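Undergrad: This is upload-v7.cif (mmCIF, C-alpha atoms).
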```cif
data_run
#
loop_
_atom_site.label_atom_id
_atom_site.label_comp_id
_atom_site.auth_asym_id
_atom_site.auth_seq_id
_atom_site.Cartn_x
_atom_site.Cartn_y
_atom_site.Cartn_z
CA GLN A 12 -15.89 6.87 29.27
CA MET A 13 -14.86 7.16 25.62
CA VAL A 14 -17.34 4.47 24.53
CA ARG A 15 -20.21 6.19 26.35
CA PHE A 16 -19.23 9.57 24.89
CA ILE A 17 -19.13 8.08 21.38
CA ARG A 18 -22.54 6.50 22.00
CA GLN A 19 -23.93 9.87 23.09
CA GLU A 20 -22.44 11.55 20.02
CA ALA A 21 -23.95 8.92 17.72
CA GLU A 22 -27.31 9.31 19.47
CA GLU A 23 -27.09 13.05 18.84
CA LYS A 24 -26.29 12.26 15.20
CA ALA A 25 -29.37 10.01 15.05
CA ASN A 26 -31.52 12.80 16.50
CA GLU A 27 -30.07 15.21 13.92
CA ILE A 28 -30.82 12.72 11.13
CA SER A 29 -34.43 12.37 12.32
CA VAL A 30 -34.75 16.16 12.47
CA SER A 31 -33.35 16.21 8.93
CA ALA A 32 -36.00 13.66 7.91
CA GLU A 33 -38.76 15.92 9.23
CA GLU A 34 -37.09 18.96 7.67
CA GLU A 35 -36.88 17.20 4.29
CA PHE A 36 -40.55 16.23 4.46
CA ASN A 37 -41.49 19.84 5.22
CA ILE A 38 -39.04 20.94 2.51
CA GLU A 39 -40.82 18.83 -0.10
CA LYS A 40 -44.14 20.19 1.19
CA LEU A 41 -42.93 23.78 0.72
CA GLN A 42 -41.07 23.11 -2.54
CA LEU A 43 -44.22 21.79 -4.21
CA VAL A 44 -45.81 25.13 -3.31
CA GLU A 45 -42.58 26.76 -4.49
CA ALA A 46 -42.35 27.77 -8.19
CA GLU A 47 -46.02 26.89 -8.81
CA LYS A 48 -46.92 30.57 -9.26
CA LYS A 49 -44.89 30.86 -12.47
CA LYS A 50 -46.51 27.71 -13.87
CA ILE A 51 -49.98 29.06 -13.04
CA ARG A 52 -49.09 32.42 -14.60
CA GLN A 53 -47.90 30.86 -17.86
CA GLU A 54 -50.75 28.34 -17.85
CA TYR A 55 -53.84 30.30 -16.78
CA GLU A 56 -53.81 34.00 -17.70
CA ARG A 57 -51.32 33.58 -20.53
CA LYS A 58 -53.78 31.10 -22.04
CA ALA B 162 12.15 -2.12 13.96
CA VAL B 163 11.57 -3.49 10.44
CA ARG B 164 9.49 -6.27 8.88
CA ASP B 165 7.43 -6.71 12.05
CA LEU B 166 4.29 -7.48 10.03
CA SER B 167 5.47 -11.09 9.65
CA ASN B 168 5.09 -11.50 13.44
CA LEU B 169 1.81 -9.57 13.60
CA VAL B 170 -1.21 -10.78 15.57
CA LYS B 171 -3.06 -11.57 12.33
CA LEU B 181 -9.31 -2.11 17.22
CA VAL B 182 -5.67 -3.20 17.47
CA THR B 183 -2.54 -1.95 15.73
CA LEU B 184 0.95 -3.30 15.11
CA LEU B 185 2.79 -2.07 18.21
CA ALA B 186 4.80 -4.91 19.81
CA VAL B 187 5.70 -2.80 22.84
CA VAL B 188 9.05 -4.26 23.92
CA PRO B 189 10.69 -3.11 27.21
CA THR B 204 -4.99 0.02 30.63
CA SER B 205 -8.27 -0.24 32.53
CA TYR B 206 -11.05 1.85 30.98
CA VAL B 207 -14.62 1.61 29.70
CA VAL B 208 -13.19 0.12 26.47
CA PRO B 209 -13.08 -3.71 26.40
CA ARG B 210 -9.44 -3.94 27.49
CA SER B 211 -9.92 -7.61 28.46
CA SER B 212 -7.94 -8.88 25.47
CA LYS B 213 -4.40 -9.83 24.49
CA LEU B 214 -3.09 -9.61 20.93
CA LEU B 215 -1.09 -12.42 19.34
CA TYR B 216 1.80 -10.14 18.30
CA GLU B 217 4.45 -12.38 19.89
CA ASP B 218 7.84 -13.15 18.35
CA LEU B 223 7.69 -9.10 21.96
CA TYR B 224 4.45 -8.98 23.94
CA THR B 225 0.96 -7.48 23.76
CA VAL B 226 -0.91 -5.26 26.21
CA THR B 227 -4.53 -4.79 27.23
CA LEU B 228 -6.11 -2.38 24.75
CA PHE B 229 -9.21 -1.80 22.64
CA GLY B 230 -10.13 0.37 19.69
CA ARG B 231 -13.25 1.78 21.34
CA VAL B 232 -11.00 4.22 23.24
CA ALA B 233 -7.96 5.62 21.43
CA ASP B 234 -6.53 6.62 24.82
CA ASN B 235 -6.30 2.99 25.95
CA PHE B 236 -4.56 1.94 22.73
CA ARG B 237 -2.13 4.85 23.03
CA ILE B 238 -1.39 3.95 26.66
CA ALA B 239 -0.82 0.30 25.75
CA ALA B 240 1.33 1.12 22.69
CA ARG B 241 3.46 4.28 23.00
CA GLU B 242 2.17 6.70 25.67
CA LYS B 243 4.73 5.60 28.28
CA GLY B 244 7.21 2.84 29.05
CA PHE B 245 7.63 0.39 26.18
CA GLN B 246 7.60 1.85 22.67
CA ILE B 247 5.57 0.62 19.71
CA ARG B 248 7.76 -1.11 17.15
CA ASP B 249 7.42 -0.10 13.51
CA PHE B 250 6.01 -2.71 11.13
CA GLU B 251 5.10 -3.15 7.49
CA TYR B 252 1.69 -1.61 6.90
CA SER B 253 -0.04 -4.92 6.12
CA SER B 254 0.76 -8.61 6.53
CA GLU B 255 0.49 -8.66 2.74
CA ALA B 256 3.54 -6.38 2.73
CA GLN B 257 5.36 -9.02 4.79
CA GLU B 258 4.28 -11.72 2.32
CA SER B 259 5.49 -9.58 -0.59
CA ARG B 260 8.77 -9.06 1.27
CA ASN B 261 9.12 -12.83 1.67
CA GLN B 262 8.39 -13.35 -2.04
CA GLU B 263 10.94 -10.68 -2.96
CA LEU B 264 13.41 -12.39 -0.62
CA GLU B 265 12.85 -15.65 -2.48
CA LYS B 266 13.37 -13.85 -5.80
CA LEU B 267 16.50 -12.13 -4.48
CA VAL B 268 17.88 -15.46 -3.25
CA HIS B 269 17.15 -16.86 -6.71
CA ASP B 270 18.99 -13.96 -8.38
CA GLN B 271 21.96 -14.23 -6.01
CA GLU B 272 22.11 -18.00 -6.55
CA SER B 273 22.01 -17.34 -10.29
CA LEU B 274 24.90 -14.87 -10.07
CA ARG B 275 26.83 -17.25 -7.80
CA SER B 276 26.24 -20.49 -9.73
CA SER B 277 25.10 -19.92 -13.33
CA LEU B 278 26.77 -16.54 -13.77
CA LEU B 279 29.74 -18.04 -11.91
CA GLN B 280 29.92 -20.83 -14.50
CA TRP B 281 29.65 -18.16 -17.21
CA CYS B 282 32.49 -16.31 -15.47
CA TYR B 283 34.57 -19.50 -15.39
CA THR B 284 33.94 -20.00 -19.10
CA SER B 285 34.93 -16.37 -19.69
CA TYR B 286 38.08 -16.95 -17.63
CA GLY B 287 38.94 -19.97 -19.76
CA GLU B 288 38.31 -17.95 -22.91
CA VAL B 289 40.48 -15.13 -21.54
CA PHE B 290 43.24 -17.62 -20.76
CA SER B 291 43.00 -18.95 -24.32
CA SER B 292 43.09 -15.41 -25.73
CA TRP B 293 46.08 -14.52 -23.53
CA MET B 294 47.85 -17.67 -24.73
CA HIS B 295 47.12 -16.72 -28.35
CA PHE B 296 48.38 -13.17 -27.76
CA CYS B 297 51.51 -14.53 -26.08
CA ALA B 298 52.06 -16.85 -29.05
CA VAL B 299 51.69 -13.88 -31.41
CA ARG B 300 54.15 -11.86 -29.32
CA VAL B 301 56.60 -14.77 -29.29
CA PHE B 302 56.26 -15.06 -33.07
CA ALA B 303 57.00 -11.34 -33.39
CA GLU B 304 60.02 -11.69 -31.09
CA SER B 305 61.28 -14.65 -33.13
CA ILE B 306 60.81 -12.70 -36.37
CA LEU B 307 62.89 -9.97 -34.75
CA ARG B 308 65.51 -12.54 -33.68
CA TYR B 309 65.18 -14.93 -36.66
CA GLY B 310 63.71 -15.20 -40.13
CA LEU B 311 60.61 -13.14 -40.86
CA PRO B 312 58.39 -16.05 -42.11
CA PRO B 313 56.40 -17.70 -39.30
CA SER B 314 58.57 -20.27 -37.51
CA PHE B 315 58.73 -20.94 -33.76
CA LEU B 316 60.20 -23.68 -31.58
CA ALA B 317 59.81 -22.12 -28.13
CA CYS B 318 58.13 -23.55 -25.03
CA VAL B 319 55.92 -22.24 -22.23
CA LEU B 320 55.62 -23.42 -18.63
CA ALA B 321 55.47 -22.24 -15.01
CA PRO B 322 58.67 -23.28 -13.20
CA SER B 323 60.20 -21.91 -10.00
CA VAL B 324 62.71 -19.07 -9.73
CA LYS B 325 65.62 -21.52 -9.89
CA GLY B 326 63.85 -23.04 -12.88
CA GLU B 327 63.81 -19.60 -14.50
CA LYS B 328 67.53 -19.28 -13.75
CA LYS B 329 68.17 -22.66 -15.38
CA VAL B 330 66.12 -21.58 -18.41
CA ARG B 331 68.17 -18.38 -18.64
CA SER B 332 71.39 -20.40 -18.43
CA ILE B 333 70.16 -22.67 -21.23
CA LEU B 334 68.98 -19.78 -23.44
CA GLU B 335 71.81 -17.30 -22.79
CA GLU B 336 72.78 -17.93 -26.42
CA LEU B 337 69.75 -15.83 -27.47
CA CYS B 338 69.06 -13.31 -24.70
CA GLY B 339 67.37 -9.93 -24.87
CA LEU C 14 -20.97 -1.29 22.73
CA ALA C 15 -23.70 1.34 22.96
CA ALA C 16 -21.81 3.29 20.28
CA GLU C 17 -22.59 0.59 17.70
CA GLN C 18 -26.31 0.62 18.56
CA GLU C 19 -26.42 4.43 18.42
CA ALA C 20 -24.65 4.35 15.05
CA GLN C 21 -27.19 1.81 13.80
CA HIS C 22 -29.98 4.14 14.94
CA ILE C 23 -28.22 7.02 13.15
CA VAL C 24 -28.05 4.99 9.93
CA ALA C 25 -31.72 4.06 10.28
CA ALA C 26 -32.66 7.73 10.73
CA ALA C 27 -30.50 8.67 7.73
CA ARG C 28 -32.37 6.15 5.58
CA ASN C 29 -35.66 7.40 7.02
CA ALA C 30 -34.69 10.89 5.85
CA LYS C 31 -34.52 9.78 2.21
CA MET C 32 -37.70 7.74 2.66
CA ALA C 33 -39.64 10.64 4.20
CA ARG C 34 -38.52 13.16 1.58
CA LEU C 35 -39.86 10.97 -1.23
CA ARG C 36 -43.01 10.13 0.73
CA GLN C 37 -43.78 13.80 1.40
CA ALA C 38 -43.03 14.85 -2.19
CA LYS C 39 -46.04 12.93 -3.54
CA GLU C 40 -48.39 14.40 -0.93
CA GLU C 41 -47.00 17.89 -1.55
CA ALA C 42 -47.77 17.46 -5.24
CA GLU C 43 -51.41 17.22 -4.14
CA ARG C 44 -51.14 20.56 -2.32
CA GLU C 45 -49.57 22.18 -5.39
CA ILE C 46 -52.35 20.76 -7.57
CA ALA C 47 -54.92 22.08 -5.09
CA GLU C 48 -53.44 25.58 -5.28
CA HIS C 49 -53.50 25.37 -9.08
CA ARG C 50 -57.12 24.18 -8.96
CA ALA C 51 -58.13 27.09 -6.73
CA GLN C 52 -56.43 29.54 -9.09
CA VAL C 53 -58.20 27.96 -12.08
CA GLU C 54 -61.61 27.72 -10.38
CA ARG C 55 -61.36 31.45 -9.72
#
```
Spell out the structure here as structure tokens.
TA:
Amino acid sequence: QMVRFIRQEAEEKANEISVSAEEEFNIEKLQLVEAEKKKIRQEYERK
Amino acid sequence: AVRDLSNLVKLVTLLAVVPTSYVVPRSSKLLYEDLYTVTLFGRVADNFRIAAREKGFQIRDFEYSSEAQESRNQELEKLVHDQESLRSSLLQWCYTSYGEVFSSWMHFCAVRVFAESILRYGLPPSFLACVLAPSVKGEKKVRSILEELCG
Amino acid sequence: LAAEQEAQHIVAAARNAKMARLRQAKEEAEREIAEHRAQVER
């Protein structure tokens, strides 16, 4: 009843947290690519 | 209604429902007895509500924590100490003040009697009167004796 | 109760989120360096 529903909700929260883990890994992967263009511009052709 | 934390059972809450089956582990009985406890568990709020105040017996109000009950007991000890102070030590102080007030009233009465004598006799301080607490017939006898100098 | 086990799994996944972000940041630094190296080598 209530205990099973709370268990299902917490399992959904665990699934959301794992999805957030994957999303954060991909977010770091993209963020490293993010803002690199300005650094290359000021480092390569400015030089 | 009040100070029910002193009789608390210390998932459960202070209810003491004075005149339940679910997935929650209702197979339990709190120690909140002076009242009685009911089968309830914190896994399901519905079971706790049913066992406390949903129907039938009503949940009795209690101090938030058993520490509040302990503080109430300590304050009760301090209040008993203060009342005993006011009733014994402050009572002795009041008795001393009453004795001092009696002495002051006696001195004021002596001064008034001296003034009355100065009115009825020589101005320089000189008195030969007496003070007591006789009965009404005693007062009549005193008046008969002192009718020579009456106001 | 199963709720406690599911909450423990949720906490484990929450910790794994912070772990995976930091783990992927270092590898992503390699990709950023590779893009910079391609830009330079051109």
Undergrad: Centre and edge lengths of an axis-aligned box around all listed atoms of segment 35-53 of chain C, with 3 Å added on each side, are to be given in Å to one decimal, as JSON.
TA:
```
{"center_x": -49.0, "center_y": 19.8, "center_z": -5.3, "size_x": 24.3, "size_y": 25.4, "size_z": 19.5}
```
Undergrad: Can you list, as a ChimeraX atom specification, the residues that the PyMOL selection byres ((chain A) within 8 of (chain C)) selects here?
TA: /A:14-15,17-19,21-22,24-26,28-29,31-33,35-44,47,51,55
Undergrad: Between atom CA of residue 250 of chain B and atom CA of residue 13 of chain A, what is the spacing in Å?
TA: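 The value is 27.3 Å.
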Undergrad: Kindly determine which residues of chain B lie within 12 Å of chain C, considering only C-alpha atoms, and give the answer as a list in words.
TA: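 Using only C-alpha atoms, chain B residues at most 12 Å from chain C: residues 207, 208, 209, 229, 230, 231 and 232 of chain B.
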Undergrad: Hey, what comes out of the PyMOL selection byres ((chain B and resi 313-330) around 12) on this file? Could you write it as a ChimeraX atom specification?
TA: /B:294,297-312,331-338
Undergrad: Output C-alpha atoms for every residue in that selection, as an mmCIF file, keeping the file's coordinate frame.
TA:
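The file below, again.cif, is the result:
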```cif
data_model
loop_
_atom_site.group_PDB
_atom_site.id
_atom_site.type_symbol
_atom_site.label_atom_id
_atom_site.label_comp_id
_atom_site.auth_asym_id
_atom_site.auth_seq_id
_atom_site.Cartn_x
_atom_site.Cartn_y
_atom_site.Cartn_z
ATOM 1 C CA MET B 294 47.850 -17.670 -24.730
ATOM 2 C CA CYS B 297 51.510 -14.530 -26.080
ATOM 3 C CA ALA B 298 52.060 -16.850 -29.050
ATOM 4 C CA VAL B 299 51.690 -13.880 -31.410
ATOM 5 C CA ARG B 300 54.150 -11.860 -29.320
ATOM 6 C CA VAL B 301 56.600 -14.770 -29.290
ATOM 7 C CA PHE B 302 56.260 -15.060 -33.070
ATOM 8 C CA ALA B 303 57.000 -11.340 -33.390
ATOM 9 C CA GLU B 304 60.020 -11.690 -31.090
ATOM 10 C CA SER B 305 61.280 -14.650 -33.130
ATOM 11 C CA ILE B 306 60.810 -12.700 -36.370
ATOM 12 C CA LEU B 307 62.890 -9.970 -34.750
ATOM 13 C CA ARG B 308 65.510 -12.540 -33.680
ATOM 14 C CA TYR B 309 65.180 -14.930 -36.660
ATOM 15 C CA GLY B 310 63.710 -15.200 -40.130
ATOM 16 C CA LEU B 311 60.610 -13.140 -40.860
ATOM 17 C CA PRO B 312 58.390 -16.050 -42.110
ATOM 18 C CA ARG B 331 68.170 -18.380 -18.640
ATOM 19 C CA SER B 332 71.390 -20.400 -18.430
ATOM 20 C CA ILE B 333 70.160 -22.670 -21.230
ATOM 21 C CA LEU B 334 68.980 -19.780 -23.440
ATOM 22 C CA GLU B 335 71.810 -17.300 -22.790
ATOM 23 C CA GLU B 336 72.780 -17.930 -26.420
ATOM 24 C CA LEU B 337 69.750 -15.830 -27.470
ATOM 25 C CA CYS B 338 69.060 -13.310 -24.700
#
```
Undergrad: Just say which residues the PyMOL selection byres ((chain B and resi 163-183) around 6) picks in this file, as number ranges by chain.
TA: B: 162, 184-185, 214-216, 218, 229-230, 250-251, 254, 257
Undergrad: For the atom pair atom CA of residue 211 of chain B and atom CA of residue 227 of chain B, what is the interatomic distance in Å to one decimal place?
TA: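 Going from atom CA of residue 211 of chain B over to atom CA of residue 227 of chain B covers 6.2 Å.
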Undergrad: One number please: atom CA of residue 277 of chain B to atom CA of residue 291 of chain B, in Å, one decimal.
TA: 21.0 Å
Undergrad: Please determine, counting all atoms listed in the file, which residue among B:223, B:274, B:264, B:186 has the shortest atom-to-atom distance to residue 241 of chain B.
TA: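 Smallest distance to residue 241 of chain B is found for B:186.
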